[PDB]
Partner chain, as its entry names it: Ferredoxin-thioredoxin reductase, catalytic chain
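The chain that follows stands alone, in the form deposited without the partner chain, written as structure tokens.
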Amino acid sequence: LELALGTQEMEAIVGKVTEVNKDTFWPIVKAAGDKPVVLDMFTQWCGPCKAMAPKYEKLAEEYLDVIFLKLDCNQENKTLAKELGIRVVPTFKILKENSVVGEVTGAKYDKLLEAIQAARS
């Protein structure tokens, strides 16, 4: 018996940035409907990653019809990471309907904002 997420849970996380793990990532993406999901893949030793954190949170406050998540690419999440295909940090993955539809590498907040606008159409 596993857990299923619904409107209740999605409504509770919009407007914020939520950190997920290899066990809570998909249950959230699957409950997302047609709302785009953005995933910030970082590491604890990643400088540009921490520096981008406040901008990412700003984006999450501006776009309430997009779900912003973050994943620490460590040992416990090695699986999910490899499965999403990552070569560098930071990496942003945009998903829509259980599939990756975009990717931004590096702290290119400008290109990220473009991809987010694109996903919303």
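Residue numbers count along the first chain shown, from 1.
Omitted here: the form solved in complex with the partner chain. The next part is about that form.
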Segment that reaches the partner chain in the entry with it bound - one of 56-64, 37-45, 23-31, 92-100, heavy atoms within 4.5 Å: 37-45
Is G15 close enough to touch the partner chain in the entry with it bound, meaning at least one heavy atom pair within 4.5 Å? no
If we define contact as a non-hydrogen atom of the residue within 4.5 angstroms of the partner, is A81 a contact of the partner chain in the entry with it bound? yes
Determine the residues of 84-103 with a heavy atom within 4.5 Å of the partner chain in the entry with it bound and present them in sequence order; the list may be empty. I86, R87, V88, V89
